[PDB]
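Single chain ahead, written as structure tokens, the form deposited in one PDB entry.
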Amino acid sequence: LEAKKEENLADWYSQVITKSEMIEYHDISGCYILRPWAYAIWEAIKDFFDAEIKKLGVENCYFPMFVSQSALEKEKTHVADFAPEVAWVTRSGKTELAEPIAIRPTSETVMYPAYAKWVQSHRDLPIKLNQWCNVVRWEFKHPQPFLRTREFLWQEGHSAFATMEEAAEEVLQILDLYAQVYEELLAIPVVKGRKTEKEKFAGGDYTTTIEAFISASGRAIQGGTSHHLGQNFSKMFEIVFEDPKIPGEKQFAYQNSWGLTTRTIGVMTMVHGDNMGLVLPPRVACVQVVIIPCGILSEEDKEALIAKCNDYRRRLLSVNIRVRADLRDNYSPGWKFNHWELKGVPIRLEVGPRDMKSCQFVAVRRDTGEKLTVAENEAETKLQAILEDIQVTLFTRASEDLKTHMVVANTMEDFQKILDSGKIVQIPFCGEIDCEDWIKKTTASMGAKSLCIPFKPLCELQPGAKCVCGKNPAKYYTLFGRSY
């Protein structure tokens, strides 16, 4: 690892994700290989999230990757937004197809004709389905691994309800689960909010979001999204049922969709990584503890040291810690030290002949670098205690970043200065698309975009507050900033 995170963030990022063996490049730009070290993080996210949505009554399924042109076009605003980056298959071999078929950029238009078939009466609702799959958004802008890619893995849940109230309830439940993914699994603090009219999902009624801050770049990124689609799709796909109270009155289902992608891993890298490499929160780390023999002497001594390393390995497995003993004669201890530091293993467990003589070992925390000498007696307990402290510590520092870099401004001048110091800003906002474009133009390296209207803003909007445009009154404190 040669580039420094605070001097060239992009070269740093590329080096960190490849040398930690998370990502490999592919010969088709914007598509990245998820090697096991990254894929394991995705599997930990999947385990937690899939269990949580099962408790809500969501079931997993799998819908086709291809959508017909006429299904794709049924919801005019949705298709208008996605059509420029929809990839089209036009032949198999050299045989042109009867009609071009599209790869899903998102599955609303694949799933909802089926929903219309399945909703025959109000008894058939709710429908609550989720799929873990890949989607393709073939934009020609520059990709960035994890954060903005042409193919990505995600989960997308689609729910249909007989009542708007039940749908509005699920929207926030799912958003709170996304916040838990970031804050409890990834140790990343996020801000819950709603998108402005300009930024909301096309075809939806409103979009709720969690926003994460990457202080290295002073930029925010959306981490997960939970939309209320209302009746905009059900009226176009005829997901209908007869009103139970009133004979012959047809009603349209109320729908939500919600998504979360492997962008998570990238945010995790950008927030916690350092100049020694990846830093893994213990909750998602493939390997939580790596055991490494040091020193290295008698044949009996070397055999006894390896035996002690495996005593530690087994007693850690005894209490469900994910542990690897790296007992390779190939590489020196210092080499392995920096290799596993590069991969972000929370704890390095060092066992040398002297410490083993003294019935103790050394535990080295990846986040702070602190070396603790621990009696062998404590091993499982202490290490668990340390892993929890690492998780909290990561969260705490990132929270202090967010608190430091998210502030209120009530004037465009204050706004601009704070923005150019590398922070995100909550300003009073009129909500109009034209004024949002004006903000993006006059704050331009990029202009600031709206990130979200926070559920809980830093300050109370005072009666009669003007927007920063000055022309119209303010409707809400809105978090603005530069965005990935």
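One rule holds for the numbers: they count along the sequence shown, beginning at 1. In this text, the rigid core denotes the largest set of C-alpha atoms whose superposition between the two forms falls within 1.5 Å.
One more form of this protein should be noted, the form deposited in another entry, which is absent from this view; the next part is about it.
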Would you indicate which listed residue, out of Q69, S29, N60, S421, moves its Cα by 2 Å or more between the shown form and the other one relative to the superposed core?
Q69
With both forms fit on the core, is the shift of the CA atom of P100 between the shown form and the other one 2 Å or larger?
yes
Please state whether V86 has a C-alpha shift of 2 Å or more between the shown form and the other one, with the rigid core used for the fit.
yes
Might you say whether the CA atoms of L72 and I210 end up closer or farther apart in that other deposited form than in this form? Their distance differs by 3 Å or more.
farther
Say whether the C-alpha atoms of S70 and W258 sit closer together or farther apart in that other deposited form than in the form shown here, given that their separation changes by 3 Å or more.
farther
